[PDB]
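Structure first, then comments.
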Amino acid sequence: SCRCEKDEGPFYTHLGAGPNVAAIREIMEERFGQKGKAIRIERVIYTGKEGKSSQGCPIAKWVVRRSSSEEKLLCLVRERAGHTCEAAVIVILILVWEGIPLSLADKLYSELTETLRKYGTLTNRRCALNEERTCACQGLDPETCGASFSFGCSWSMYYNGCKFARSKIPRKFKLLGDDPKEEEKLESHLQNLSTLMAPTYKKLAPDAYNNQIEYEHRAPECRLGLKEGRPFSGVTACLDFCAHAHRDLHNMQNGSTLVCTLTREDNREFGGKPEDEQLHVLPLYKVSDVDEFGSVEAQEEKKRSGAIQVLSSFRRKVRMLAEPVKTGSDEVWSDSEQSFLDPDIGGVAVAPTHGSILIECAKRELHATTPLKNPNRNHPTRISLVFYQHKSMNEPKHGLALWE
DNA sequence: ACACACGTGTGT
DNA sequence: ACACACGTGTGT
Ligand SMILES: O=C(O)c1ccc(O)c2ncccc12
Ligand SMILES: [Cl-]
Ligand SMILES: [Fe+2]
Ligand SMILES: [Zn+2]
Ligand SMILES: [Zn+2]
Ligand SMILES: [Zn+2]
């Protein structure tokens with residue numbers, strides 16, 4: 001809508017936009033209700049060159065880490081090359097460090113782990129594997145490997161609408177076999193969490209939130225949540241799951257995704273040094289040489305303090321399946337040397353904390369999560385709860401009338 | 001173009 | 001217990 005192509009990155013404003021970085025701080029200070037050090041903004045640069053290992057699997061090159069307990073809100077922004085207009089700078093990620101009560105995050109971790117390991121039905125996804133479909137990033141033990149579990153409503157190409165188009169009584173929280181008591185406990189946890197996160201979503205990304213509630217009263221059966229204001233329709237739980245680089249292509253246009261992170265008990269204090277850790281990665285971005293306010297020295301101090309961790313290349317042994325998964329293993333050397341030799345190969349990661357809430361337009365931005373050293377969904381290093389709304393979920397009763 | 005998706009119910 | 005049926009956009 002200005003008079004200033006793919007190489008500048010995807011253009012959208014429903015998370016926030018302004019003429020310069022200072023304007024983004026003004027927006028976020030008003031939205032969040034606090035000023036100054038409570039809000040941190042990082043400039044990130046779109047390169048379009050994807051960081052990945054020699055086997056095609058996700059890597060991080062820089063890690064944005066919470067700088068102190070005084071930092072409450074992290075915002076990643078992209079300045080669009082060449083633009084001087086009202087939307088020259090756009091917001092691509094919002095992270096609330098203190099998202100949900102820690103006692104609730106503690107309880108969800110244990111309850112969801114136990115329920116999903118004794119009754120969970122695995123939901124298969126394309127991003128579970130690399131391009132060649134031969135990696136072992138989830139682990140190779142079927143009893144313990146990382147896995148994804150999907151609930152709520154989902155879009156289906158066979159009905160061009162909700163997958164429950166001809167389900168007399170849909171089970172949004174289906175578990176293995178039939179146990180209504182266990183499914184109701186799981187449903188109660190995730191419905192309560194949907195209800196809690198909706199006001200945070202409205203507060204911090206109001207334009208994306210408002211888009212997601214436009215047809216709430218037209219398709220109530222395809223929405224989660226217990227109170228007025230229901231932006232979500234589906235939720236996926238990921239337990240030690242390595243999401244290879246992808247976009248969520250059938251998410252609705254002009255919406256976003258909210259991610260609630262839960263972590264193992266050894267990674268729940270700010271001063272901690274956990275044994276393992278999973279990161280959320282934007283593979284097409286690099287970090288800036290200046291901080292939010294344009295200072296070179298400020299950015300260097302954040303690198304020395306760990307607030308921005310500059311990683312170096314690795315060479316590790318991994319497994320490679322002898323035959324690809326359709327649609328035995330061997331030990332091979334996997335390295336990231338070439339991704340680190342090129343300064344313009346991307347890989348900006350964030351380290352979300354226990355109980356944090358992350359907001360990003362997963363439909364437009366390429367993203368990934370890193371593989372765990374020893375995945376174990378029975379005692380996961382990280383659980384992510386991923387809340388979204390698919391496209392074409394706007395018909396009553398899961399679109400039963402259209403299907404007829 | 002063109003292989004590829006956070007599936008379910010009915011049929012045989 | 002499989003077997004069939006139902007057929008959408010995006011990235012490349
Ligand atoms: O951060 C995660 O754990 C995550 C995992 C798998 C996904 O498909 C995601 N999609 C959008 C945002 C986050 C995620
Ligand atoms: Cl999204
Ligand atoms: Fe995703
Ligand atoms: Zn992999
Ligand atoms: Zn412009
Ligand atoms: Zn539905």
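In what follows, every heavy atom counts, from backbone to side chain, and hydrogens, waters and symmetry copies are set aside. Each chain gets a letter, A, B and so on, in the order its sequence line appears, and its residues count up from 1.
Base stacking of B:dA5 on B:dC6: absent by the 5.5 Å centre and 30° plane cutoffs.
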Study note, to complete from the structure: Readout for nucleotides 2-9 of chain C: B = base within 4.0 Å of protein heavy atom, S = sugar-phosphate only, - = neither; 5' to 3' it is ---BBBBS

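Comparing the same atom, P, in B:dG9 and in C:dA1 gives a spacing of 16 Å after rounding to whole Å. Nucleotides B:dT8 and C:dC2, compared at atom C1', are 15 Å apart to the nearest Å. For B:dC6 and C:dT12, the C1' atoms lie 22 Å apart once the distance is rounded to whole Å.
With a negative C1'-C2'-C3'-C4' torsion, the sugar ring of B:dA1 falls in the south range.
For A:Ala368, the side chain to side chain contact (heavy atoms under 4.5 Å, CB included) criterion is met by A:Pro58, A:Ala245, A:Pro283, not counting sequence neighbours. Listed by chain and number, the residues in a side chain to side chain contact (heavy atoms under 4.5 Å, CB included) with A:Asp291 are A:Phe293, A:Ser295, A:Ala298, A:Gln299, A:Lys302 (sequence neighbours excluded). When the side chain to side chain contact (heavy atoms under 4.5 Å, CB included) test is applied to A:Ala351, the partners found at least two apart in sequence or on another chain are A:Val63, A:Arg65, A:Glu277, A:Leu279.
Every pair tested for salt bridge (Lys or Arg N to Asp or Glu O under 4.0 Å) that includes a residue from residues 382-391 of chain A fails, sequence neighbours excluded, so the list is empty. Note on residues 197-214 of chain A: no pairs pass salt bridge (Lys or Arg N to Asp or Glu O under 4.0 Å), not counting sequence neighbours.
When every heavy atom of A:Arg43 is checked against every heavy atom of A:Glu292, the shortest pair comes out as NH2-O, 2.9 Å.
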